[PDB]
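Shown next: input_19.pdb, containing PDB, C-alpha atoms.
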ATOM      1  CA  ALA A  14     144.946 180.855  86.598
ATOM      2  CA  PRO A  15     148.437 181.174  85.071
ATOM      3  CA  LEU A  16     151.285 178.742  85.665
ATOM      4  CA  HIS A  17     154.067 180.333  87.736
ATOM      5  CA  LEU A  18     157.579 179.025  87.051
ATOM      6  CA  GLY A  19     160.341 178.977  89.684
ATOM      7  CA  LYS A  20     164.073 179.280  89.047
ATOM      8  CA  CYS A  21     164.018 178.672  85.294
ATOM      9  CA  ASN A  22     162.127 179.404  82.104
ATOM     10  CA  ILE A  23     160.028 176.955  80.041
ATOM     11  CA  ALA A  24     162.921 174.882  78.627
ATOM     12  CA  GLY A  25     164.400 174.033  82.026
ATOM     13  CA  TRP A  26     160.986 173.298  83.499
ATOM     14  CA  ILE A  27     159.724 171.018  80.676
ATOM     15  CA  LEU A  28     163.024 169.104  80.507
ATOM     16  CA  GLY A  29     162.952 168.647  84.291
ATOM     17  CA  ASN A  30     166.182 170.474  85.120
ATOM     18  CA  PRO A  31     166.589 169.573  88.849
ATOM     19  CA  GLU A  32     166.466 173.264  89.840
ATOM     20  CA  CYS A  33     163.436 174.233  87.763
ATOM     21  CA  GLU A  34     160.246 173.014  89.448
ATOM     22  CA  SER A  35     157.326 175.424  88.965
ATOM     23  CA  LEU A  36     155.877 177.470  91.865
ATOM     24  CA  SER A  37     152.320 176.580  90.765
ATOM     25  CA  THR A  38     151.247 172.925  91.000
ATOM     26  CA  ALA A  39     148.370 172.943  88.472
ATOM     27  CA  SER A  40     147.409 170.523  85.678
ATOM     28  CA  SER A  41     145.765 173.298  83.621
ATOM     29  CA  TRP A  42     146.598 176.975  83.000
ATOM     30  CA  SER A  43     145.702 179.989  80.865
ATOM     31  CA  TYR A  44     149.301 181.127  80.262
ATOM     32  CA  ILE A  45     152.827 180.764  81.662
ATOM     33  CA  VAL A  46     154.628 183.413  83.703
ATOM     34  CA  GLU A  47     158.356 182.900  83.336
ATOM     35  CA  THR A  48     161.400 184.169  85.273
ATOM     36  CA  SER A  49     163.957 186.998  85.530
ATOM     37  CA  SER A  50     166.486 184.812  83.643
ATOM     38  CA  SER A  51     167.311 185.436  79.988
ATOM     39  CA  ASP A  52     168.541 181.875  79.358
ATOM     40  CA  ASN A  53     165.906 179.200  78.667
ATOM     41  CA  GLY A  54     166.933 176.860  81.529
ATOM     42  CA  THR A  55     168.930 174.145  79.792
ATOM     43  CA  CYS A  56     171.930 173.196  81.927
ATOM     44  CA  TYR A  57     173.960 171.182  79.395
ATOM     45  CA  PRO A  58     174.884 173.672  76.623
ATOM     46  CA  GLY A  59     173.192 173.433  73.229
ATOM     47  CA  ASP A  60     170.136 174.589  71.294
ATOM     48  CA  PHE A  61     166.503 173.881  72.128
ATOM     49  CA  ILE A  62     164.892 173.331  68.704
ATOM     50  CA  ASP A  63     161.460 174.833  67.801
ATOM     51  CA  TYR A  64     161.410 176.526  71.210
ATOM     52  CA  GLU A  65     158.986 179.362  70.383
ATOM     53  CA  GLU A  66     156.538 176.865  68.838
ATOM     54  CA  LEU A  67     156.690 174.775  72.039
ATOM     55  CA  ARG A  68     155.988 177.861  74.197
ATOM     56  CA  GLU A  69     152.778 178.465  72.167
ATOM     57  CA  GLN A  70     151.880 174.769  72.408
ATOM     58  CA  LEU A  71     152.247 174.992  76.217
ATOM     59  CA  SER A  72     150.384 178.324  76.616
ATOM     60  CA  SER A  73     146.699 177.479  77.321
ATOM     61  CA  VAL A  74     146.423 173.895  78.515
ATOM     62  CA  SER A  75     143.194 172.280  79.808
ATOM     63  CA  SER A  76     144.852 169.043  80.929
ATOM     64  CA  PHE A  77     148.472 168.069  81.464
ATOM     65  CA  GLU A  78     149.719 164.706  82.709
ATOM     66  CA  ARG A  79     153.331 163.644  83.150
ATOM     67  CA  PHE A  80     153.788 159.874  82.665
ATOM     68  CA  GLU A  81     156.861 157.618  82.384
ATOM     69  CA  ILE A  82     156.838 156.832  78.644
ATOM     70  CA  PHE A  83     159.921 154.589  78.896
ATOM     71  CA  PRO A  84     160.253 153.346  82.524
ATOM     72  CA  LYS A  85     163.858 153.629  83.711
ATOM     73  CA  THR A  86     163.796 150.202  85.401
ATOM     74  CA  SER A  87     162.591 148.098  82.463
ATOM     75  CA  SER A  88     163.274 149.938  79.167
ATOM     76  CA  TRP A  89     167.031 149.579  78.614
ATOM     77  CA  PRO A  90     168.491 146.164  79.605
ATOM     78  CA  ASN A  91     171.398 146.536  77.133
ATOM     79  CA  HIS A  92     172.494 150.083  77.974
ATOM     80  CA  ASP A  93     173.551 151.985  81.101
ATOM     81  CA  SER A  94     170.860 154.295  82.525
ATOM     82  CA  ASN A  95     172.662 155.411  85.713
ATOM     83  CA  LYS A  96     175.918 156.994  84.514
ATOM     84  CA  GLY A  97     174.473 159.862  82.425
ATOM     85  CA  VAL A  98     175.065 162.652  84.939
ATOM     86  CA  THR A  99     177.067 165.866  84.594
ATOM     87  CA  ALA A 100     178.551 168.794  86.547
ATOM     88  CA  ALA A 101     176.639 171.037  84.110
ATOM     89  CA  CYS A 102     173.348 169.936  85.703
ATOM     90  CA  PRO A 103     173.876 169.893  89.474
ATOM     91  CA  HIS A 104     171.318 168.873  92.112
ATOM     92  CA  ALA A 105     172.147 170.046  95.651
ATOM     93  CA  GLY A 106     175.910 169.865  95.046
ATOM     94  CA  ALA A 107     175.862 166.571  93.110
ATOM     95  CA  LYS A 108     176.212 165.861  89.368
ATOM     96  CA  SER A 109     172.742 165.142  88.007
ATOM     97  CA  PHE A 110     170.675 165.475  84.811
ATOM     98  CA  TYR A 111     167.210 166.377  83.518
ATOM     99  CA  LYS A 112     164.481 164.371  85.278
ATOM    100  CA  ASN A 113     162.490 163.775  82.058
ATOM    101  CA  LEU A 114     165.328 162.350  79.955
ATOM    102  CA  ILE A 115     168.010 159.716  80.341
ATOM    103  CA  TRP A 116     171.544 160.188  79.025
ATOM    104  CA  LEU A 117     172.075 156.567  77.979
ATOM    105  CA  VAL A 118     175.665 155.377  77.816
ATOM    106  CA  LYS A 119     177.407 152.094  76.996
ATOM    107  CA  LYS A 120     177.270 149.149  79.396
ATOM    108  CA  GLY A 121     180.742 147.633  79.605
ATOM    109  CA  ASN A 122     182.487 148.130  76.267
ATOM    110  CA  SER A 123     179.251 147.647  74.338
ATOM    111  CA  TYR A 124     176.438 149.819  72.975
ATOM    112  CA  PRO A 125     174.175 147.557  70.858
ATOM    113  CA  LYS A 126     171.773 149.114  68.369
ATOM    114  CA  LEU A 127     168.749 150.233  70.365
ATOM    115  CA  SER A 128     165.232 150.254  68.958
ATOM    116  CA  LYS A 129     162.374 151.446  71.152
ATOM    117  CA  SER A 130     158.793 152.260  70.218
ATOM    118  CA  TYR A 131     155.759 153.743  71.893
ATOM    119  CA  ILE A 132     152.164 153.696  70.723
ATOM    120  CA  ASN A 133     150.212 156.577  72.253
ATOM    121  CA  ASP A 134     147.534 155.024  74.491
ATOM    122  CA  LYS A 135     146.664 158.219  76.419
ATOM    123  CA  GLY A 136     143.623 159.183  74.282
ATOM    124  CA  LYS A 137     145.160 162.634  73.757
ATOM    125  CA  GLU A 138     148.234 164.283  72.199
ATOM    126  CA  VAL A 139     151.538 163.252  73.804
ATOM    127  CA  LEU A 140     154.466 165.658  73.975
ATOM    128  CA  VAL A 141     157.721 163.704  73.706
ATOM    129  CA  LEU A 142     161.109 165.380  74.112
ATOM    130  CA  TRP A 143     164.598 164.033  73.524
ATOM    131  CA  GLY A 144     168.203 165.088  73.088
ATOM    132  CA  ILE A 145     171.027 164.470  70.605
ATOM    133  CA  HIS A 146     174.506 164.653  72.123
ATOM    134  CA  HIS A 147     177.472 165.954  70.137
ATOM    135  CA  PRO A 148     180.736 164.904  71.837
ATOM    136  CA  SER A 149     183.918 166.993  72.016
ATOM    137  CA  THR A 150     186.442 164.377  70.797
ATOM    138  CA  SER A 151     186.741 160.827  69.381
ATOM    139  CA  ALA A 152     187.728 159.638  72.872
ATOM    140  CA  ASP A 153     184.594 161.308  74.301
ATOM    141  CA  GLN A 154     182.501 159.464  71.646
ATOM    142  CA  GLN A 155     184.123 156.059  72.362
ATOM    143  CA  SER A 156     184.054 156.574  76.144
ATOM    144  CA  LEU A 157     180.303 157.284  76.146
ATOM    145  CA  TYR A 158     178.922 155.151  73.314
ATOM    146  CA  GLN A 159     181.740 152.813  72.161
ATOM    147  CA  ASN A 160     180.720 153.092  68.478
ATOM    148  CA  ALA A 161     182.810 155.662  66.574
ATOM    149  CA  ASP A 162     180.262 156.303  63.812
ATOM    150  CA  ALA A 163     176.826 156.503  65.419
ATOM    151  CA  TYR A 164     173.405 157.672  64.257
ATOM    152  CA  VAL A 165     169.982 158.343  65.738
ATOM    153  CA  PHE A 166     166.623 157.999  64.038
ATOM    154  CA  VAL A 167     163.285 159.279  65.350
ATOM    155  CA  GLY A 168     160.113 158.537  63.397
ATOM    156  CA  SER A 169     156.330 158.798  63.627
ATOM    157  CA  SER A 170     153.497 159.338  61.095
ATOM    158  CA  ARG A 171     154.152 163.074  61.580
ATOM    159  CA  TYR A 172     157.909 163.200  62.160
ATOM    160  CA  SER A 173     161.034 161.784  60.551
ATOM    161  CA  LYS A 174     164.642 162.685  61.274
ATOM    162  CA  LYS A 175     168.038 161.025  61.127
ATOM    163  CA  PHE A 176     170.730 162.668  63.243
ATOM    164  CA  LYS A 177     174.468 162.481  62.646
ATOM    165  CA  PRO A 178     176.314 164.021  65.636
ATOM    166  CA  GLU A 179     179.277 166.303  64.951
ATOM    167  CA  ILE A 180     182.330 165.580  67.066
ATOM    168  CA  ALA A 181     184.109 168.866  67.822
ATOM    169  CA  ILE A 182     185.542 170.891  70.707
ATOM    170  CA  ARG A 183     183.177 173.803  71.362
ATOM    171  CA  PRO A 184     184.085 176.561  73.849
ATOM    172  CA  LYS A 185     183.619 175.600  77.513
ATOM    173  CA  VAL A 186     180.135 176.331  78.828
ATOM    174  CA  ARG A 187     179.549 175.135  82.394
ATOM    175  CA  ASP A 188     182.784 173.167  81.788
ATOM    176  CA  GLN A 189     181.284 171.383  78.730
ATOM    177  CA  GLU A 190     182.985 171.208  75.317
ATOM    178  CA  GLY A 191     180.301 168.984  73.807
ATOM    179  CA  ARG A 192     176.782 170.153  72.953
ATOM    180  CA  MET A 193     173.249 168.801  73.257
ATOM    181  CA  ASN A 194     170.399 169.851  71.009
ATOM    182  CA  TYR A 195     166.875 169.333  72.334
ATOM    183  CA  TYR A 196     163.930 168.207  70.217
ATOM    184  CA  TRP A 197     160.234 167.469  70.644
ATOM    185  CA  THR A 198     157.174 166.307  68.762
ATOM    186  CA  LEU A 199     153.491 165.644  69.438
ATOM    187  CA  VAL A 200     152.316 162.059  68.972
ATOM    188  CA  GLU A 201     148.712 161.570  67.826
ATOM    189  CA  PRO A 202     146.611 159.063  69.817
ATOM    190  CA  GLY A 203     147.082 155.585  68.342
ATOM    191  CA  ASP A 204     150.267 156.622  66.503
ATOM    192  CA  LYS A 205     153.660 154.979  66.969
ATOM    193  CA  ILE A 206     156.902 156.812  67.680
ATOM    194  CA  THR A 207     160.172 154.890  67.217
ATOM    195  CA  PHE A 208     163.639 155.697  68.563
ATOM    196  CA  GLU A 209     166.665 154.014  67.002
ATOM    197  CA  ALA A 210     170.338 154.643  67.816
ATOM    198  CA  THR A 211     173.902 153.352  67.870
ATOM    199  CA  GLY A 212     174.851 156.181  70.243
ATOM    200  CA  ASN A 213     174.323 159.822  71.216
ATOM    201  CA  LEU A 214     170.617 159.622  72.087
ATOM    202  CA  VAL A 215     169.275 161.276  75.215
ATOM    203  CA  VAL A 216     166.115 159.149  75.460
ATOM    204  CA  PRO A 217     162.689 160.201  76.728
ATOM    205  CA  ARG A 218     161.896 159.039  80.249
ATOM    206  CA  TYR A 219     158.836 161.167  81.053
ATOM    207  CA  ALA A 220     156.419 162.503  78.446
ATOM    208  CA  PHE A 221     153.237 164.577  78.785
ATOM    209  CA  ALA A 222     149.694 163.824  77.743
ATOM    210  CA  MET A 223     147.927 167.142  77.067
ATOM    211  CA  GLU A 224     144.941 169.021  75.664
ATOM    212  CA  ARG A 225     144.881 172.666  74.550
TER
END
In structure tokens, how does this file's structure come out?
Amino acid sequence: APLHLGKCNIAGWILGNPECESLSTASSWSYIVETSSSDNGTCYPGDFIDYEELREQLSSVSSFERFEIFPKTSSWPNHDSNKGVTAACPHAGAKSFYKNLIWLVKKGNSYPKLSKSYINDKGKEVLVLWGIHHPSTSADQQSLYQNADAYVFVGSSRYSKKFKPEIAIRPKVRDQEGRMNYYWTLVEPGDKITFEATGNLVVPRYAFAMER
């Protein structure tokens, strides 16, 4: 039986856009029936990277389990995990954000270097998704992350990328002049994924153990 999506297409659903819960409630499916929308379902403007490849990866799944890869309550003692909400991503009138990610911001006037790792203990491939935020101005950068010159690194045995955000005023999209790009990778069982940042990282909160 196919997986029926609700208000949004695959991007919005997999990121956990508050509006985009599926109509089907299955943990396996033969294919995915999407929606009448032509946008992918991301609420904060930006580009979902390797999107077509993810759609194929999520096409015929035999098991699918959402789990909290980095628990909100215990993963980030040195950063703020409550303030990352936006008018771009509303939930019943209120500023919100994707359920599966956390928009980490500075706590006080401090954003220490974060370093967070996960070793896949699910016994199957784990789909991990994250975001890189590109602020509109220097003040935006400093207001969110304190550090003017930040970087992000994501690494596994299969993946390696260093991100340098570009600070620039883009045209307003849902009132947003910054941009977020969205990334993902599959982590082999027993392999380690490491996140490192001095700012601008939209961290995983929920990931997905799966089998095709």
### Task
Could you check how far CA of residue 15 (chain A) sits from CA of residue 57 (chain A), in Å to one decimal?
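Taking CA of residue 15 (chain A) and CA of residue 57 (chain A), their separation equals 28.0 Å.
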#### Entry: Separation of CA of residue 194 (chain A) from CA of residue 179 (chain A) in Å
11.3 Å
List as JSON lines every residue of region 191-217 of chain A that is in contact with region 104-115 of chain A, defined as an atom at most 9 Å from one of its atoms (using only C-alpha atoms), together with the nearest atom pair and the distance in Å rounded to one decimal, sorted by chain and then rising number.
{"residue": "A:214", "atom": "CA", "partner": "A:115", "partner_atom": "CA", "distance": 8.7}
{"residue": "A:215", "atom": "CA", "partner": "A:115", "partner_atom": "CA", "distance": 5.5}
{"residue": "A:216", "atom": "CA", "partner": "A:115", "partner_atom": "CA", "distance": 5.3}
{"residue": "A:217", "atom": "CA", "partner": "A:114", "partner_atom": "CA", "distance": 4.7}
Could those selected residues go to a file with C-alpha atoms, as a PDB file, in the coordinates of the input?
ATOM      1  CA  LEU A 214     170.617 159.622  72.087  1.00  0.00           C
ATOM      2  CA  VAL A 215     169.275 161.276  75.215  1.00  0.00           C
ATOM      3  CA  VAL A 216     166.115 159.149  75.460  1.00  0.00           C
ATOM      4  CA  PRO A 217     162.689 160.201  76.728  1.00  0.00           C
TER       5      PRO A 217
END
### Task
Enter the distance from CA of residue 221 (chain A) to CA of residue 208 (chain A), in Å, rounded to one decimal.
17.1 Å
### Query
With only C-alpha atoms as the basis for distance, which of A:86, A:160, A:213, A:133 is at the shortest distance from residue 199 (chain A)?
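Smallest distance to residue 199 (chain A) is found for A:133.
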### Message
Need to verify the contact set: residue 55 (chain A), 12 Å, all atoms listed in the file, exclusion of same-chain residues closer than 4 positions in sequence. Can you return it as a ChimeraX atom specification?
### Response
/A:20-33,50-51,59-62,64,101-103,110-111,144,186-187,192-195
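Distances from A:134, A:140, A:223, A:36 to residue 75 (chain A) were compared using all atoms listed in the file, and the smallest one belongs to A:223.
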### Task
Starting from the shown file, work through the PyMOL selection byres ((chain A and resi 17) around 10) and note down what comes out as a PyMOL selection string.
chain A and resi 14-16+18-19+22+34-39+42+44-48
Let me see the file: selected residues, C-alpha atoms, as an mmCIF file, keeping the file's coordinate frame.
data_model
loop_
_atom_site.group_PDB
_atom_site.id
_atom_site.type_symbol
_atom_site.label_atom_id
_atom_site.label_comp_id
_atom_site.auth_asym_id
_atom_site.auth_seq_id
_atom_site.Cartn_x
_atom_site.Cartn_y
_atom_site.Cartn_z
ATOM 1 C CA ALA A 14 144.946 180.855 86.598
ATOM 2 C CA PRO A 15 148.437 181.174 85.071
ATOM 3 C CA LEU A 16 151.285 178.742 85.665
ATOM 4 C CA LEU A 18 157.579 179.025 87.051
ATOM 5 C CA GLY A 19 160.341 178.977 89.684
ATOM 6 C CA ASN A 22 162.127 179.404 82.104
ATOM 7 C CA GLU A 34 160.246 173.014 89.448
ATOM 8 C CA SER A 35 157.326 175.424 88.965
ATOM 9 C CA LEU A 36 155.877 177.470 91.865
ATOM 10 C CA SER A 37 152.320 176.580 90.765
ATOM 11 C CA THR A 38 151.247 172.925 91.000
ATOM 12 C CA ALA A 39 148.370 172.943 88.472
ATOM 13 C CA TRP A 42 146.598 176.975 83.000
ATOM 14 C CA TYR A 44 149.301 181.127 80.262
ATOM 15 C CA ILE A 45 152.827 180.764 81.662
ATOM 16 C CA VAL A 46 154.628 183.413 83.703
ATOM 17 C CA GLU A 47 158.356 182.900 83.336
ATOM 18 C CA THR A 48 161.400 184.169 85.273
#
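Using all atoms listed in the file, the nearest neighbour of residue 98 (chain A) within the list A:82, A:56, A:67, A:210 is A:56.
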Edge lengths and centre in Å to one decimal, as lines of an AutoDock Vina configuration file, of the axis-aligned box that encloses all listed atoms of region 90-107 of chain A with 5 Å added on every side?
center_x = 173.5
center_y = 158.6
center_z = 86.4
size_x = 20.1
size_y = 34.9
size_z = 28.5
### Query
Written as a count of residues only, which residues does the PyMOL selection byres ((chain A and resi 166) around 6) give for the file shown?
6
### Query
Which residue, A:95, A:88, A:123, A:73, has the smallest gap to residue 156 (chain A) when you use only C-alpha atoms?
A:123
Would you kindly return, as a compact mmCIF listing (two decimals) with C-alpha atoms, in the coordinates of the input, each protein, DNA or RNA residue with an atom no farther than 7 Å from any atom of region 150-155 of chain A, considering all atoms listed in the file and excluding same-chain residues fewer than 2 positions away?
# COMPACT_ATOMS: atom_id res chain seq x y z
CA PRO A 148 180.74 164.90 71.84
CA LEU A 157 180.30 157.28 76.15
CA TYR A 158 178.92 155.15 73.31
CA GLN A 159 181.74 152.81 72.16
CA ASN A 160 180.72 153.09 68.48
CA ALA A 161 182.81 155.66 66.57
CA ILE A 180 182.33 165.58 67.07
CA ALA A 181 184.11 168.87 67.82
CA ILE A 182 185.54 170.89 70.71
Using the chain letters and numbers from the file, which residues does the PyMOL selection byres ((chain A and resi 78) around 8) grab, as a CSV table (one decimal) with C-alpha atoms, in the coordinates of the input?
chain,number,residue,atom,x,y,z
A,40,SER,CA,147.4,170.5,85.7
A,76,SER,CA,144.9,169.0,80.9
A,77,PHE,CA,148.5,168.1,81.5
A,79,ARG,CA,153.3,163.6,83.2
A,80,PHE,CA,153.8,159.9,82.7
A,221,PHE,CA,153.2,164.6,78.8
A,222,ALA,CA,149.7,163.8,77.7
A,223,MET,CA,147.9,167.1,77.1
### Task
Using only C-alpha atoms, pick whichever of A:132, A:197, A:97, A:203 has the shortest atom-to-atom distance to residue 63 (chain A).
A:197
### Message
Just checking: using only C-alpha atoms, which residue out of A:129, A:211, A:58, A:137 ends up closest to residue 184 (chain A)?
### Response
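Closest to residue 184 (chain A) of all the choices is A:58.
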### Task
Identify the residues within 6 Å of coordinate (178.6, 149.5, 79.7) (same frame as the file), considering all atoms listed in the file, and give the answer as an NGL selection string.
:A and (93 or 119-123)
